[PDB]
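Colleague: This structure is in structure tokens; I'll ask about it shortly.
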Amino acid sequence: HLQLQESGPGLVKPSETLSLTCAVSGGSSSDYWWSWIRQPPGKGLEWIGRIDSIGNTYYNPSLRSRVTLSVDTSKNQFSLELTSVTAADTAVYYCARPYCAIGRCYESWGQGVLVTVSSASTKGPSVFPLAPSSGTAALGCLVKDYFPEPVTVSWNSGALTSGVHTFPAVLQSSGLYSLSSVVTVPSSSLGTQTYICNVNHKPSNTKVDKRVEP
Amino acid sequence: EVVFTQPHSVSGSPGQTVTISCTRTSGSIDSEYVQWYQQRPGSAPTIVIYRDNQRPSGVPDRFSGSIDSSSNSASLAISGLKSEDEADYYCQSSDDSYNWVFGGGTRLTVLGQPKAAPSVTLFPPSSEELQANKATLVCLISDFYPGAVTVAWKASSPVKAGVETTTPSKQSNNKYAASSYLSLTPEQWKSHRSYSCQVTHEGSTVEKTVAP
Amino acid sequence: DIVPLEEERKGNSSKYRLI
Amino acid sequence: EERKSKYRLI
Ligand code: NA
Ligand code: NA
Ligand code: NA
Ligand code: NA
Ligand code: NA
Ligand code: NA
């Protein structure tokens, strides 16, 4: 139940160094220990390493020579450096840390950050409104031609969550992704209220607000 | 090295007890704690069992863990199987150096869920997109079961060029979503009188239409 | 009154801070 | 925070 938040570059060139950090909220950053785990798209979990408050580090033997873990509790920074990355290192990277109440502890994980190893350059999305389609009405926004994943989409800065469906992205022959997010709203509302989709593409530091009107 | 192997797939119908085993290939299963993780679509793994057989407060009591020295394996048992139990499960333990090792994962399927027709939404190109000299038809297909569809595009003549379709992807309600996109030039969209998306889900086909 | 300084171990001792 | 499985202390 800890709020662990991973952050990193989104896209890394082959042969370069992948650098990630993790911060914890909702608990203390002192004592206990910190772990990294990764999951390539469509594959299983692979442990990377652990560092604890004694200073000791433990590394997956098959990544040992490339991994460095560090932690600074005053900065609230848990760090991973993975050198000489290849395509095999493309994965969601999860931070994990025990959630500890009086008398009980078990591991809690962050939601992960996807890191893609690719030579291609970051491309920011282009967002187009999908005008209302109808007692309900559907409206959405088309997020086109970005790279790498992911894009996240909210509506009315998160105020609107019911009936929201952000579809998995299509990968076009171009190599770029596109996705769509759709919301069902009371057709009664289409003149009384405004609908804006908020698109975030962390790898290009692109954020877009797109008003969807009729 | 030390490996933990799991069955690739376990399945049961609602109400059944199912078990997922986690066999340690080398060294004693009893030597280190065994954890079980559950993973649902689009989310991080969460502990369902830790320290062999302890359960976090919010985890249903239908879940339990055990160790079997003689088969050198650990088991996760799910009694009274429910649809919401459908997910991937991984065991996790440690080797002799205190390194974590994950088992390879098991897909748990809950059988007998009823056929679900896809909901279909077809959007024409926005004026904004067309200002930019581009045009995309967007066909969105959701809430179907089982997870297999085929998309056909119409213009009575079969639009068969510039098609990209996702593969069905499991939503959190165990139904599936997919989408299909048709590219075309501005002139092309104004060219014809109608464009339709036809989703065929086993037997029944669903076709929506849009007009310039 | 003890806080783990490193991962706890099955059937084995581990390091704790007292308090 | 637990209270006094097997513990050495620094
Ligand atoms: Na590569
Ligand atoms: Na085996
Ligand atoms: Na759950
Ligand atoms: Na259920
Ligand atoms: Na130890
Ligand atoms: Na202990």
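Colleague: Consider B:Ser64 against the criteria (1) away from chain A (no Cβ under 13 Å); (2) more than 16 Å from ligand 3 (Cβ to nearest atom); (3) not charged (D, E, K, R): it satisfies all of them except one. Which criterion is unmet?
Modeller: (2)
Colleague: Among (1) closer than 25 Å to A:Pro40 by Cβ; (2) away from ligand 4 (no atom under 16 Å from the Cβ); (3) not aliphatic (A, V, I, L, M), which single condition is B:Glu129 missing?
Modeller: Only one criterion in (1) closer than 25 Å to A:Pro40 by Cβ; (2) away from ligand 4 (no atom under 16 Å from the Cβ); (3) not aliphatic (A, V, I, L, M) is unmet by B:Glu129, namely (1).
Colleague: What tally of residues in the stretch A:4-34 results from selecting those that are under 24 Å from A:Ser84 (Cα atoms) and assigned to a loop (DSSP other than H, G, I, E, B)? Quick ask: steps written out before the conclusion?
Modeller: Taking the stretch A:4-34 and keeping what is under 24 Å from A:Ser84 (Cα atoms), we get A:6-22, A:34.
So of that shortlist, the ones also assigned to a loop (DSSP other than H, G, I, E, B) come out as A:8-10, A:13-17.
Looking only at that region, the number is 8.
Colleague: Moving on. When you look at B:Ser57, is it loosely packed, with under 15 Cβ neighbours inside 10 Å, within 16 Å of ligand 5 (Cβ to nearest atom) and facing chain A (nearest Cβ under 10 Å), yes or no?
Modeller: Numbers: loosely packed, with under 15 Cβ neighbours inside 10 Å: yes; within 16 Å of ligand 5 (Cβ to nearest atom): no; facing chain A (nearest Cβ under 10 Å): yes.
Judged against the criteria, B:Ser57 is not a match.
Colleague: For the list (1) buried (at least 21 other Cβ atoms within 10 Å of the Cβ); (2) closer than 30 Å to B:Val3 by Cβ, I need the number of the one condition that B:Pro118 fails.
Modeller: Condition not satisfied by B:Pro118: (2).
Colleague: Can you name the residue in the stretch B:29-60 that is closer than 15 Å to B:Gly103 by Cα and part of a loop (DSSP other than H, G, I, E, B) and is also nearest to ligand 1 (Cβ to nearest atom) among such residues?
Modeller: So the residue we want is B:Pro45.
Colleague: Please enumerate the residues belonging to the stretch A:134-148 that are over 12 Å from A:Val199 (Cβ atoms) and surrounded by 19 or more Cβ atoms within 10 Å (Cβ to Cβ).
Modeller: Of the residues in the stretch A:134-148, the ones over 12 Å from A:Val199 (Cβ atoms) are A:134-139, A:145, A:147-148.
Of everything in the stretch A:134-148, those that are over 12 Å from A:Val199 (Cβ atoms) and surrounded by 19 or more Cβ atoms within 10 Å (Cβ to Cβ) turn out to be A:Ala138, A:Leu139, A:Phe147, A:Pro148.
Colleague: Follow-up question, since we're still on this one. State all residues of the stretch A:34-67 that are surrounded by fewer than 20 Cβ atoms within 10 Å (Cβ to Cβ), under 14 Å from B:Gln92 (Cβ atoms) and not polar (S, T, N, Q); if no residue qualifies, say none.
Modeller: A:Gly44, A:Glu46
Colleague: Considering the stretch B:77-91 alone, what residues qualify as being within 23 Å of A:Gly42 (Cα to Cα) and either more than 14 Å from chain A (Cβ to nearest Cβ) or β-branched (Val, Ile, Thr) (or both)?
Modeller: Of the residues in the stretch B:77-91, the ones within 23 Å of A:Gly42 (Cα to Cα) are B:83-91.
Once the filter is applied, which keeps residues that are within 23 Å of A:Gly42 (Cα to Cα) and either more than 14 Å from chain A (Cβ to nearest Cβ) or β-branched (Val, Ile, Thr) (or both), the stretch B:77-91 yields B:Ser83, B:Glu84, B:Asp85, B:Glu86.
Colleague: Answer with yes or no whether B:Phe123 is surrounded by 17 or more Cβ atoms within 10 Å (Cβ to Cβ) and either at positive phi or in contact with a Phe, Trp or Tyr (Cβ under 6 Å, 6 or more places away or on another chain) (or both). Write out each step before concluding.
Modeller: Details: surrounded by 17 or more Cβ atoms within 10 Å (Cβ to Cβ): yes; either at positive phi or in contact with a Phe, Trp or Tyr (Cβ under 6 Å, 6 or more places away or on another chain) (or both): no.
In short, no.
Colleague: Let me ask another. Being within 12 Å of chain A (Cβ to nearest Cβ) and surrounded by fewer than 17 Cβ atoms within 10 Å (Cβ to Cβ) is the filter here, so list the residues in the stretch B:126-137 that pass it. Walk me through it before giving the result.
Modeller: Going through the stretch B:126-137, the residues within 12 Å of chain A (Cβ to nearest Cβ) turn out to be B:126-132, B:134-137.
Result: B:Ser127, B:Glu128, B:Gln131, B:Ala132.
Colleague: Only one of these is surrounded by 20 or more Cβ atoms within 10 Å (Cβ to Cβ) and within 12 Å of chain B (Cβ to nearest Cβ): A:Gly110, A:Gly103. Name it. Even if it seems obvious, please write down each step before you answer.
Modeller: Values: A:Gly103 fails: surrounded by 20 or more Cβ atoms within 10 Å (Cβ to Cβ).
Of the residues listed, the single one that is surrounded by 20 or more Cβ atoms within 10 Å (Cβ to Cβ) and within 12 Å of chain B (Cβ to nearest Cβ) is A:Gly110.
Colleague: Name the residue that is surrounded by the fewest Cβ atoms within 10 Å (Cβ to Cβ), counting only residues in the stretch B:61-97 that are in a strand (DSSP E or B) and hydrophobic (A, V, I, L, M, F, W, C). Walk me through it before giving the result.
Modeller: Quick first cut of the stretch B:61-97, residues in a strand (DSSP E or B) only: B:63-68, B:73-78, B:87-94.
With hydrophobic (A, V, I, L, M, F, W, C) added as a condition, the list becomes B:63, B:67, B:74, B:76-78, B:87, B:91.
Details: B:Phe63: 18, B:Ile67: 18, B:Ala74: 29, B:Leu76: 27, B:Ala77: 14, B:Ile78: 22, B:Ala87: 22, B:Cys91: 28.
The extreme case among them is B:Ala77.
Colleague: If you check every pair at least six apart or on different chains, which have Cβ atoms under 9 Å apart with a residue in the stretch B:145-171 that is closer than 18 Å to B:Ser183 by Cα first and a residue that is basic (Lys, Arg) second?
Modeller: These pairs meet every condition: B:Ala152/B:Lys160; B:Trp153/B:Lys160; B:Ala155/B:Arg193.
Colleague: Can you name the residue in the stretch B:25-54 that is within 16 Å of ligand 2 (Cβ to nearest atom) and surrounded by 20 or more Cβ atoms within 10 Å (Cβ to Cβ) and is also nearest to the other protein chains (Cβ to nearest Cβ) among such residues?
Modeller: Let us first name the residues in the stretch B:25-54 that are within 16 Å of ligand 2 (Cβ to nearest atom), namely B:25-29, B:34.
Filter once more, keeping what is surrounded by 20 or more Cβ atoms within 10 Å (Cβ to Cβ): B:29, B:34.
Details: B:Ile29: 11, B:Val34: 9 Å.
So, considering only residues that are within 16 Å of ligand 2 (Cβ to nearest atom) and surrounded by 20 or more Cβ atoms within 10 Å (Cβ to Cβ), the one nearest to the other protein chains (Cβ to nearest Cβ) is B:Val34.
Colleague: Name the pairs whose Cβ atoms lie under 7 Å apart, with the first residue in the stretch A:133-144 and closer than 18 Å to B:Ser119 by Cα, the second not in a strand (DSSP E or B), and 6 or more positions between them or separate chains?
Modeller: Correct list of pairs: A:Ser134/A:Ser187; A:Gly135/A:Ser187; A:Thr136/A:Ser187; A:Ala137/A:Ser187; A:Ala137/A:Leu190.
Colleague: What is the residue count in the stretch B:138-158 for residues that are outside any loop (DSSP other than H, G, I, E, B) and either facing another protein chain (nearest Cβ under 10 Å) or surrounded by fewer than 19 Cβ atoms within 10 Å (Cβ to Cβ) (or both)? Before you say what the answer is, go through the steps one by one.
Modeller: Quick first cut of the stretch B:138-158, residues outside any loop (DSSP other than H, G, I, E, B) only: B:138-145, B:150-154, B:158.
Checking which are either facing another protein chain (nearest Cβ under 10 Å) or surrounded by fewer than 19 Cβ atoms within 10 Å (Cβ to Cβ) (or both) leaves us with B:138-143, B:150, B:152, B:154, B:158.
Adding up the residues that qualify gives 10.
Colleague: Same structure again: I'm trying to understand the selection: among the residues of the stretch A:35-86, which are away from chain B (no Cβ under 12 Å), touching a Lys or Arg at 6+ places or on another chain (Cβ under 7 Å), at negative phi and of a type in the set (S, T, N, Q)?
Modeller: Result: A:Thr83, single match.
Colleague: Okay, next question. Within the stretch B:6-24, does at least one residue satisfy the condition of being in a strand (DSSP E or B) and within 11 Å of another protein chain (Cβ to nearest Cβ)? Even if it seems obvious, please write down each step before you answer.
Modeller: Residues of the stretch B:6-24 that are in a strand (DSSP E or B), as a first pass: B:9-12, B:18-24.
Next, only the ones that are within 11 Å of another protein chain (Cβ to nearest Cβ) stay: none.
Looking for residues that are in a strand (DSSP E or B) and within 11 Å of another protein chain (Cβ to nearest Cβ), one finds none in the stretch B:6-24, hence no.
Read-outs: derived from the displayed coordinates by stated rules, not from any lab. Cβ: placed from backbone, ideal geometry, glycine included. Neighbour counts: every protein chain shown.
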